[PDB]
């Protein structure tokens, strides 16, 4: 019983202008039904943008807020985020189990999902995150987390994450395209890929999305 992402492709909509964000999302709407919205767009245009996306596209919204505070603050962040209409929120595991549990509680209260970020995809992740990543994944399993995020840029690490969480858990993966990750290789392990700049900075975002999907058509 997991999220069903059209074409295994999640748009990372990190444009910071409302008109551009709506236009570009509109251009690729035939290809997706899931949009990841983060702080670049929300802090520039307000949390009301989430409801607007739902009104215009009916798409699922994952709030990529990298939640990383103490439990009582995490609870408030999740509540405000779900009140705005997000279907799911992404939370860091590095701050520990109590901080993750706070998010799980609010998600269960409001009919939403928590995604646990286990290993980030950028070079700096090697310094502290990578050494904790397997343990963070096991912590997710212990807590009953069913949704995870891991790195397209390190398919061996993404594979290990998939091993830890099992085939039943849901796994999404950013770092495809601009950061160097490959769509098809990433989908060997992840249920869905997250793609931002490769699509939203493209001269023709629709063609960019279509091209990515063409490259993975055998993977559905």
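Positions refer to the first chain, counted from 1.
Engineer: Test of understanding: from the entry's C-alpha B-factors, which stretch has the higher mean, 208-216 or 194-202?
Structural biologist: Higher of the two, by average CA B-factor, is 208-216.
Engineer: Of 53-61 and 157-165, which one has the bigger average CA B-factor?
Structural biologist: Result: 53-61.
Engineer: Among the chain's modelled residues, which third holds the C-alpha B-factor of residue 69?
Structural biologist: Its C-alpha B-factor, which the entry lists for residue 69, ranks in the lowest third among residues of this chain.
Engineer: Splitting the chain's C-alpha B-factors into thirds, which one does residue 31 fall into?
Structural biologist: Top third by C-alpha B-factor.
Engineer: For residue 179, return the chain-relative third of its C-alpha B-factor as stated in the PDB record: lowest, middle or highest.
Structural biologist: For residue 179, whose C-alpha B-factor we compare with every modelled residue in the chain, the answer is the middle third.
Engineer: Sort the modelled residues of this chain by their C-alpha B factor and say whether residue 150 lands in the lowest, middle or highest third.
Structural biologist: Bottom third by C-alpha B-factor.
Engineer: Relative to the other modelled residues of the same chain, rank the CA B-factor of residue 11 and answer lowest, middle or highest third.
Structural biologist: Lowest third.
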